[PDB]
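Novice: Starting off with a structure, shown below.
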Amino acid sequence: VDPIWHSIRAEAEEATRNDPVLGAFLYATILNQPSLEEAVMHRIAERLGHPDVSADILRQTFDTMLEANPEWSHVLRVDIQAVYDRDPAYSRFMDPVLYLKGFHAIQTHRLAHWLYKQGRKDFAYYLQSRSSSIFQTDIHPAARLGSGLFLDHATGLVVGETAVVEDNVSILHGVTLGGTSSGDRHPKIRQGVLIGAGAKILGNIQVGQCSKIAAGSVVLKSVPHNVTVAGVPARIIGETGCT
Amino acid sequence: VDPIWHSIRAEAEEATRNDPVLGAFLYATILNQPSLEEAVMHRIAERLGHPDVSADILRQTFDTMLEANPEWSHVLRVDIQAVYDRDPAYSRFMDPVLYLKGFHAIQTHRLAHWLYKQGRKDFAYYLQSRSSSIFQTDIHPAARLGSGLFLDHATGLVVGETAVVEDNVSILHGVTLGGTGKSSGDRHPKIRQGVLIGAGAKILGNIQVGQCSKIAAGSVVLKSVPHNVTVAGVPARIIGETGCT
Amino acid sequence: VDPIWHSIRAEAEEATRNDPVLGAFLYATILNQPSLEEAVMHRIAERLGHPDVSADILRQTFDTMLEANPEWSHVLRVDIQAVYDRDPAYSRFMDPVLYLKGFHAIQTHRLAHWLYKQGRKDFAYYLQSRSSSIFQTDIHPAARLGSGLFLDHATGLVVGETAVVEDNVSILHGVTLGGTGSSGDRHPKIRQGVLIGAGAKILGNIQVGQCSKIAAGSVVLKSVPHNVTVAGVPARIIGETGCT
Amino acid sequence: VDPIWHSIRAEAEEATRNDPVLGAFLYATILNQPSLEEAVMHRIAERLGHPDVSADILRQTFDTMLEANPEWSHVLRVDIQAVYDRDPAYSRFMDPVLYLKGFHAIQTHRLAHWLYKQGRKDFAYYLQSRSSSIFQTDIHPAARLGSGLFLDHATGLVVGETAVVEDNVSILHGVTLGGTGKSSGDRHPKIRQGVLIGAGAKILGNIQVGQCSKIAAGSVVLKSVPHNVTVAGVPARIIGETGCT
Amino acid sequence: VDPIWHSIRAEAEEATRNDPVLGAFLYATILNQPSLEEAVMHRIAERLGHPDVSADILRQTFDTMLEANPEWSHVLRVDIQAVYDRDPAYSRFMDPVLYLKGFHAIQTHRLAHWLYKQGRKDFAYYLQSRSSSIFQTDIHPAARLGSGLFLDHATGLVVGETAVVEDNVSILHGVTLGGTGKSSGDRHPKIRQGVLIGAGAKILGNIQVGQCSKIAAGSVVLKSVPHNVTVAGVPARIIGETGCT
Amino acid sequence: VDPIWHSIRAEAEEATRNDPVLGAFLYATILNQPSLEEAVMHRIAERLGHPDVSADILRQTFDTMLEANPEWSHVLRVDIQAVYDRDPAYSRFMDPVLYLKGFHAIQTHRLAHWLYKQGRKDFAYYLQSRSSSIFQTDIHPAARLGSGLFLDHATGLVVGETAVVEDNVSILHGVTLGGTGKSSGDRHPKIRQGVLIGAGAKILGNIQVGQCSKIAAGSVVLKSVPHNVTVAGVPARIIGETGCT
Ligand SMILES: [Mg+2]
Ligand SMILES: [Mg+2]
Ligand SMILES: [Mg+2]
Ligand SMILES: [Mg+2]
Ligand SMILES: [Mg+2]
């Protein structure tokens, strides 16, 4: 049972038929692959590949991560499901896999996070640098991100060293989870939270579960659960629930 | 008669004499080209090319768009003329064609939009994905952008699926024409002709910005803006009257 | 003696020991290089290198800039020292040289700026274009940037043609030093020691006085006195501060 | 009508259907191309392309050669027909166009040869160098090669600066059309119409190989060869009579 | 129990410690690989990879042939064993896997041969074209090559469509197993077990070279050669007796 | 003074004005370079560069060789002078530096030879493997080559582990300095000074070719040759007197 994988294979076959100049891209990336994991690792490694460190090295490293962490198989599928559930602009499971840099960046972080805890700090920093340049997402490898994360549009995401994001969170573009203290100094974003475009959340503060942070908000103090905050500085302007 | 082409040709010629190391780039992109259209498609294809999908296939596919849409020839030139007229930092028609990712992003979108309407949705998504990563401009292929569009600096632009931008619009970096977050069906802004949108501005929801209006940098616009006004702030308020360029 | 360069070589040697698969990257960019300058020029050239204009051409041109501006040797070391002193997420001098695109964007501008003063505007604009696309930093070649500059995270930086930034300034991502809405000199002057918060927009022919701090998300449309903190849309003075 | 072209397009269509992963290669090289000329020029540019001199610059230059030498359209097709008639290992018109380096090298020579005449000697020598490295054919740009030329397998062919090859010749791999002692002047072979040159044959000096004759494999030819003979051995000696076909 | 595999890993580890700049190459090609088969496929795919057809697609296609053809695992190791035993210039099992183009060209043909039989003739001919350009070995995908084949130096190898090379054969560079002889049908040589073919030798026509025989460098062979002889000369003459060993 | 270098710079300058599209190539390879050494190292590294092992790593390793072997500065110049003096087909000192794979193969070998002597055997074999594939010259890094070596056309050169080539030797394409089949230690030829070796010639065994002698094209040399003679044939016989220069 892997309904997502078989959906993705069917989409890739139709796409190839529908546009056969894309067949090298679709066969290499989806159709020739033995699994969804290897198709995701392959695509991300090809986007991050560079003369400095080949796609192959990245792909091979990704594989060793997947072997030290077989639960990523589940997390990964939950992440794809998040996009499929939450983004109306895209209708296929194949879309975050092939196209969506936010999805690419999340799994890249998962790689660099694992590497970083292994003492492989340069590899992790390399991935961090490459993701920042190619996906425009600067996430410190020490950062903790939950499963079912939705990073929509993504451009300009900054996430600090001691930041934590829990499960089922949605983050848009232009968001900072940063400082400025110099110990634990970055936000903790509890489960189900939505963070709107351009929001700045600064300091070791907490954003309560199910809360919403309106676009352009500057959040300088903890936000309770089930509320909506907005503005510079952010004040409560509404109530909400984990919908 | 094509004064934009011939002036770009003479700009490239001087640039090569001035800096001979750039001769391969200037000849391949401009001087060896038979037309402005071909030069523009070449430059863009080269910026977007990747081992996943070669610049050649992008270039070839661009040309199929120009065949099916000859009016792109005119749209291309008014988009160049917009940069020439509105940006004081550059003085040559060649500058947007060679260097400015905003201009490249616009034409990329026009290709993707055409492809999307033809049912070639993976090709359109691929271009949108590549434009987002390379030009930092995330424009859904279903979005509708008019001619005379000036995308200045560009970085961080997001334009939603149901957005419409009319003619002679100018948009700065860090601009979102997006949704509130509910949110389905027509849920993205309508930007009427002559509008200027300042840096970092967020315009959210199926709301309209009336013709010839100006949105100051950093504004968060949640309700419709009438024509002929300037709005600023979080949330936006009308601060002044204003007119078209 | 060049303790910064000698620490980097040591950091890179241990790095390859620790992770040998990165040996090609680390030997090519650091250990094989005769100097810190050539390691920095080489990394930047590899990042910006493209079929259109090769890394080799970029690297060669960088060396000519170095040859013509000996003082860059000193400026480069103060910029590195700044990341080391001011950023708690990184512990090695090698970090900005290898990974930090803000650092790479600054030295890229110093090259484009020099080129642009030589009349080599196309080479200048090509660098500007590439840096805007690869490092997400759009700095006009005519802008002036002082030494000890720290560009943290960098993504979305926009710096206009007439902008001036003095020594020892720190600038976060999403910053605009731009204009609104004119003709000539229309861009800000950021005096020494200033800190500019994430997302902050500083527009027009205005100045931010020495040691001042602009908070995250501030929109600054009037000149800011020395030794203050400003915040808000639009910004107002919310405090007093000094240099460090 | 251009029957060769139309056959090639149909063959490329079937090929893509039979093995879709080859679709990018087959579309970019054949199906997206507007003419046979452009398909051939494109494939060759891609094979020769390098970071030193991009495929694009090679492809643009080639197109410049075609404009100044409209005769090439014909030469190209008779070269292709030569392969289709003389090689039993291949059944399709597109085989030479996509795959056969001997064919690629002849058309590279034609480009180099024209450049050379134009005083563009670096570009000529660059192609010669790249062809020698990638197709293993070293042909001096000053060499003259006729049409209906068949370079079968090709590896290790060397053709001297003053060599001439007439129409309808077939040359195998390992063939030297080379020099003898030193000497500076006219010093390489003139090969007349219809000659077949066997594998590994060495033909040295300003000597002539007459109309319709056959050099067997491994022959060392140091003296002129009459028309309508077959020669063989070291030193090459006549062994039979032969004619054209 | 894969003593070849285990020695190769150990050679790669030592080589990386000895020359750390080669670490990316040796990790990616050896030490990050799960098997000898995947390392050999990877190396070959990287050497033949091109923007026309990526290394990735080659590697994926290779892995498919391994799947459908489990026999190759054995043929591969008797090939590698052939090199270790027969070449005095190289001391490691890692050497053919990484460096030796003759070894690469052999395994490449085995892929192309399989594809050709599946009806994927274009992919077979692309591999043939690419091998001929990069390894200088032109082997028709319909040629039948036995196990334990040693191709030493390789440059200039040409093997016709109807050729058959039996097991335990050694072939030097510059060798042709070719035709006369565009007669169509069965028209290329049949080389029997244990044969040694010297540099430069040309074997032409549907003829046979019998077991354990030795063809001296430069020989031109136009008629069947019996078992257990050494032939030499242009034309080739039996000059002696020889045993297998 | 360094007249070779100055002449190359002037040639380069002239070439770029003659053909501006080649400016990126000619600046990056010659005009932007501070020495002849660095120009030659750069060209070779760019031809040999691959995703497996970047041109930068090769170029940096070549620098290391130069740092330890300042003597190569002279060896390099006399190698360039050999081409200028001996090849009537090219009139500029720049020609071998840019174009001639035989000259590139020589300096590649000198690097590989030095690495091999340092115990960096894998880097040495990789260079040997790459040169074989890209220049078609298979030279074992343990071979000793003197200065003033002219490798004309080069395709198919094979030089064995224990071969020695003394100064001012000229070797054509298709040449083997190899072994016979009774191999142990020294099993490859010794070519003394001033020898000319003709195209396709095979010199097999631990035999010696004496001073100023000439080996005619196609020859198979199986026993030692005294000084001041020409040999020819299969196998080769002394056919006259000669004397070199
Ligand atoms: Mg390509
Ligand atoms: Mg092409
Ligand atoms: Mg190059
Ligand atoms: Mg590759
Ligand atoms: Mg030559």
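Letters for chains follow the order of the structure tokens (A, B, ...), residue numbers begin at 1 for each chain, and ligand numbers begin at 1 in the order shown.
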Over all C-alpha pairs taken in sequence order, what does chain D look like after a least-squares fit onto chain F? Please give it as a short mmCIF file (atom, residue, chain, number, x, y, z; two decimals) with C-alpha atoms, in the first residue's frame.
Specialist:
data_model
loop_
_atom_site.label_atom_id
_atom_site.label_comp_id
_atom_site.auth_asym_id
_atom_site.auth_seq_id
_atom_site.Cartn_x
_atom_site.Cartn_y
_atom_site.Cartn_z
CA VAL D 1 63.18 37.65 -22.45
CA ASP D 2 60.60 35.10 -23.50
CA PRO D 3 60.16 35.56 -27.22
CA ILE D 4 57.79 32.53 -27.54
CA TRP D 5 55.49 34.10 -24.90
CA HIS D 6 55.47 37.48 -26.52
CA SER D 7 54.71 36.08 -29.92
CA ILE D 8 51.85 34.07 -28.48
CA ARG D 9 50.35 37.15 -26.78
CA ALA D 10 50.54 39.20 -30.00
CA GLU D 11 48.99 36.36 -32.03
CA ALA D 12 46.10 36.00 -29.51
CA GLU D 13 45.44 39.76 -29.65
CA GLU D 14 45.17 39.74 -33.42
CA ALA D 15 43.00 36.59 -33.33
CA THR D 16 40.52 38.22 -30.91
CA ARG D 17 40.36 41.31 -33.16
CA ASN D 18 39.81 39.14 -36.28
CA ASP D 19 37.05 36.95 -34.63
CA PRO D 20 35.69 38.57 -31.38
CA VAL D 21 33.37 35.67 -30.53
CA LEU D 22 36.53 33.75 -29.65
CA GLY D 23 37.46 36.52 -27.20
CA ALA D 24 36.38 34.58 -24.05
CA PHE D 25 38.37 31.55 -25.07
CA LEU D 26 41.43 33.63 -26.07
CA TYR D 27 41.45 35.92 -22.98
CA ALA D 28 40.86 33.14 -20.48
CA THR D 29 43.48 30.88 -22.04
CA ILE D 30 46.19 33.43 -23.17
CA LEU D 31 45.82 37.15 -22.49
CA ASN D 32 44.72 37.02 -18.87
CA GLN D 33 47.51 34.59 -18.11
CA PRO D 34 50.73 35.92 -16.43
CA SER D 35 53.11 33.37 -18.00
CA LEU D 36 53.40 30.88 -20.81
CA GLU D 37 53.52 28.08 -18.26
CA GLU D 38 50.14 29.11 -16.87
CA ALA D 39 48.62 29.46 -20.34
CA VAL D 40 49.69 25.88 -21.27
CA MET D 41 48.68 24.41 -17.93
CA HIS D 42 45.30 26.15 -18.17
CA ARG D 43 44.46 24.97 -21.66
CA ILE D 44 45.39 21.38 -20.82
CA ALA D 45 43.37 21.41 -17.56
CA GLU D 46 40.29 22.67 -19.51
CA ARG D 47 40.66 19.93 -22.13
CA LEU D 48 41.02 17.25 -19.49
CA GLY D 49 38.53 18.66 -17.00
CA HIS D 50 35.52 16.49 -16.18
CA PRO D 51 32.82 16.19 -13.51
CA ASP D 52 34.96 13.38 -12.05
CA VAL D 53 37.99 15.64 -11.50
CA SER D 54 37.58 19.30 -12.18
CA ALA D 55 39.81 21.35 -14.48
CA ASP D 56 40.62 23.38 -11.31
CA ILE D 57 42.12 20.44 -9.49
CA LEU D 58 44.08 19.47 -12.66
CA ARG D 59 45.27 23.12 -13.04
CA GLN D 60 46.30 23.39 -9.35
CA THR D 61 48.14 20.06 -9.52
CA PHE D 62 49.94 21.11 -12.63
CA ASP D 63 51.12 24.21 -10.85
CA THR D 64 52.41 22.03 -8.06
CA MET D 65 54.33 19.99 -10.67
CA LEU D 66 55.92 23.22 -11.99
CA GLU D 67 57.11 24.25 -8.54
CA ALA D 68 58.88 20.89 -8.01
CA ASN D 69 60.24 20.78 -11.59
CA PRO D 70 61.50 24.23 -12.62
CA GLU D 71 63.28 22.45 -15.50
CA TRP D 72 59.84 22.09 -17.10
CA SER D 73 59.87 25.76 -18.05
CA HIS D 74 62.65 24.86 -20.48
CA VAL D 75 61.29 21.50 -21.62
CA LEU D 76 58.01 23.22 -22.40
CA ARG D 77 59.61 25.82 -24.70
CA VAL D 78 61.81 23.37 -26.62
CA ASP D 79 58.76 21.15 -27.09
CA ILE D 80 56.98 24.14 -28.52
CA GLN D 81 59.96 25.00 -30.73
CA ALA D 82 59.94 21.44 -32.06
CA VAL D 83 56.47 21.95 -33.39
CA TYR D 84 57.23 25.38 -34.81
CA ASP D 85 60.31 24.01 -36.62
CA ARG D 86 58.93 20.65 -37.82
CA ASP D 87 55.37 21.33 -38.82
CA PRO D 88 54.62 23.21 -42.04
CA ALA D 89 50.83 23.03 -41.49
CA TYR D 90 51.05 25.76 -38.79
CA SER D 91 52.69 29.23 -38.79
CA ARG D 92 52.16 30.30 -35.22
CA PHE D 93 53.67 29.75 -31.81
CA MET D 94 50.23 29.48 -30.27
CA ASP D 95 48.99 26.71 -32.48
CA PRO D 96 50.46 24.00 -30.29
CA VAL D 97 49.40 25.75 -27.13
CA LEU D 98 45.72 26.05 -28.13
CA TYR D 99 45.08 23.21 -30.55
CA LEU D 100 47.56 20.38 -31.01
CA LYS D 101 46.57 17.44 -28.88
CA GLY D 102 50.01 15.77 -29.40
CA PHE D 103 51.62 18.68 -27.59
CA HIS D 104 48.88 18.61 -24.86
CA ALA D 105 49.47 14.94 -24.38
CA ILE D 106 53.22 15.24 -23.94
CA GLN D 107 52.78 17.89 -21.22
CA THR D 108 50.01 15.72 -19.61
CA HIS D 109 52.49 12.87 -19.55
CA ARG D 110 55.10 15.00 -17.89
CA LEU D 111 52.56 15.75 -15.12
CA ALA D 112 51.41 12.13 -14.80
CA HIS D 113 55.08 10.98 -14.79
CA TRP D 114 56.03 13.17 -11.87
CA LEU D 115 52.90 12.24 -9.89
CA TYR D 116 53.69 8.61 -10.45
CA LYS D 117 57.17 8.98 -9.02
CA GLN D 118 55.62 10.61 -5.97
CA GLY D 119 53.61 7.49 -5.19
CA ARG D 120 50.50 9.40 -6.49
CA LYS D 121 49.60 6.52 -8.75
CA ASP D 122 45.82 7.05 -8.93
CA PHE D 123 46.24 10.66 -10.04
CA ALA D 124 48.89 9.45 -12.53
CA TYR D 125 46.59 6.72 -13.89
CA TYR D 126 43.66 9.15 -13.95
CA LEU D 127 45.62 11.49 -16.28
CA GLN D 128 46.74 8.57 -18.37
CA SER D 129 43.13 7.44 -18.71
CA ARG D 130 41.78 10.87 -19.51
CA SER D 131 44.65 11.57 -22.05
CA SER D 132 43.95 8.27 -23.73
CA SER D 133 40.27 9.14 -24.01
CA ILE D 134 40.54 12.82 -25.00
CA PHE D 135 43.88 12.97 -26.87
CA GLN D 136 43.88 9.35 -27.97
CA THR D 137 47.33 8.96 -26.55
CA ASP D 138 47.94 6.05 -24.13
CA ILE D 139 51.26 6.74 -22.38
CA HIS D 140 52.12 4.87 -19.19
CA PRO D 141 53.17 7.31 -16.47
CA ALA D 142 56.37 5.23 -15.92
CA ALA D 143 57.45 5.93 -19.53
CA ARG D 144 60.27 8.42 -19.89
CA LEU D 145 60.00 11.04 -22.58
CA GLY D 146 62.76 13.48 -23.48
CA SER D 147 62.47 17.11 -24.53
CA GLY D 148 62.06 18.49 -28.06
CA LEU D 149 59.41 15.84 -28.59
CA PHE D 150 57.11 16.19 -31.59
CA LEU D 151 53.82 14.18 -31.52
CA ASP D 152 52.33 14.99 -34.88
CA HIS D 153 48.57 14.29 -35.20
CA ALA D 154 49.04 11.77 -32.31
CA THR D 155 45.83 9.67 -32.60
CA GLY D 156 46.38 6.09 -31.48
CA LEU D 157 49.86 6.44 -29.87
CA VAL D 158 50.59 3.77 -27.27
CA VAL D 159 53.71 3.92 -25.13
CA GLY D 160 54.57 1.05 -22.73
CA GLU D 161 55.45 1.16 -19.00
CA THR D 162 59.22 0.48 -19.59
CA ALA D 163 59.59 2.47 -22.87
CA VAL D 164 62.15 5.31 -23.12
CA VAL D 165 62.21 8.12 -25.60
CA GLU D 166 65.30 10.29 -25.84
CA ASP D 167 65.61 13.91 -26.91
CA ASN D 168 64.50 15.45 -30.22
CA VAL D 169 62.27 12.62 -31.47
CA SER D 170 59.31 12.97 -33.82
CA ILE D 171 56.47 10.51 -33.60
CA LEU D 172 53.46 10.38 -35.92
CA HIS D 173 49.96 9.00 -35.25
CA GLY D 174 49.23 5.30 -34.87
CA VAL D 175 52.66 4.51 -33.37
CA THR D 176 53.07 1.70 -30.85
CA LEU D 177 56.13 1.60 -28.62
CA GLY D 178 54.92 -1.71 -27.27
CA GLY D 179 55.53 -5.26 -26.04
CA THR D 180 56.15 -8.43 -27.96
CA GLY D 181 55.17 -11.74 -26.39
CA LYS D 182 54.10 -11.59 -22.75
CA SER D 183 57.08 -11.01 -20.33
CA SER D 184 56.88 -8.86 -17.13
CA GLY D 185 60.23 -7.05 -16.96
CA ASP D 186 61.90 -4.45 -19.09
CA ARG D 187 60.02 -5.09 -22.32
CA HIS D 188 59.38 -1.90 -24.36
CA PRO D 189 61.53 0.13 -26.83
CA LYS D 190 64.33 2.58 -26.04
CA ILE D 191 64.21 5.30 -28.74
CA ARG D 192 67.47 7.24 -29.09
CA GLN D 193 67.92 10.92 -29.85
CA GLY D 194 66.77 12.27 -33.23
CA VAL D 195 64.64 9.35 -34.39
CA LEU D 196 61.65 10.00 -36.71
CA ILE D 197 58.85 7.45 -36.33
CA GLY D 198 56.43 7.17 -39.22
CA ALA D 199 52.69 6.79 -39.18
CA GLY D 200 51.30 3.46 -38.00
CA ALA D 201 54.76 2.08 -37.09
CA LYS D 202 54.90 -0.69 -34.47
CA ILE D 203 58.15 -0.98 -32.46
CA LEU D 204 57.85 -3.98 -30.07
CA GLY D 205 59.99 -5.41 -27.28
CA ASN D 206 62.97 -4.21 -25.32
CA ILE D 207 64.91 -3.23 -28.48
CA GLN D 208 66.70 -0.03 -29.39
CA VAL D 209 66.36 2.37 -32.33
CA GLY D 210 69.66 4.12 -32.72
CA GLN D 211 70.50 7.82 -32.91
CA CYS D 212 69.06 9.74 -35.94
CA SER D 213 67.36 6.84 -37.71
CA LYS D 214 64.01 6.80 -39.51
CA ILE D 215 61.22 4.25 -39.23
CA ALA D 216 58.98 4.44 -42.28
CA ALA D 217 55.20 4.40 -42.02
CA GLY D 218 53.65 0.98 -41.52
CA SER D 219 56.99 -0.59 -40.43
CA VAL D 220 56.96 -3.50 -37.91
CA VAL D 221 60.22 -3.29 -36.00
CA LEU D 222 61.00 -6.40 -33.91
CA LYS D 223 64.78 -6.05 -33.78
CA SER D 224 67.13 -3.30 -32.78
CA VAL D 225 67.87 -0.68 -35.38
CA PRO D 226 71.38 0.80 -35.93
CA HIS D 227 71.99 4.53 -35.75
CA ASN D 228 71.84 6.58 -38.91
CA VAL D 229 69.65 4.28 -41.02
CA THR D 230 66.29 4.33 -42.64
CA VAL D 231 64.11 1.19 -42.12
CA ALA D 232 60.80 0.14 -43.62
CA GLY D 233 58.40 -2.73 -44.34
CA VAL D 234 56.95 -5.74 -42.62
CA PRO D 235 59.33 -6.95 -41.16
CA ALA D 236 61.26 -3.68 -41.05
CA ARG D 237 64.56 -3.86 -42.98
CA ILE D 238 67.18 -1.21 -43.57
CA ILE D 239 66.82 0.57 -46.92
CA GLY D 240 69.10 3.58 -46.67
CA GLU D 241 71.40 5.72 -44.60
CA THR D 242 70.44 8.95 -42.89
CA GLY D 243 71.71 11.41 -40.33
CA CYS D 244 70.42 14.06 -37.95
CA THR D 245 69.37 17.65 -38.82
#
Novice: What residues in chain A have any atom no more than 9 Å from chain C when counting only C-alpha atoms, and can you write them as a PyMOL selection string?
Specialist: chain A and resi 50-53+57+119-123+125-126+128-130+132-134+136-138+140+155-158+160-161+174+176+182-183+198-200+202+216-218+232-233
Novice: Taking the DSSP secondary structure from the backbone, can you list the residues of region 6-237 of chain C that are helix (DSSP H, G or I), as a ChimeraX atom specification?
Specialist: /C:6-18,20-31,36-48,55-68,72-86,94-98,101-117,121-134
Novice: If you run DSSP on this backbone, which residues of region 179-243 of chain B come out as strand (DSSP E), and could you give them as JSON, numbers by chain?
Specialist: {"B": [190, 191, 196, 197, 202, 203, 204, 208, 209, 214, 215, 220, 221, 229, 230, 231, 232, 237, 238, 239, 240, 241]}
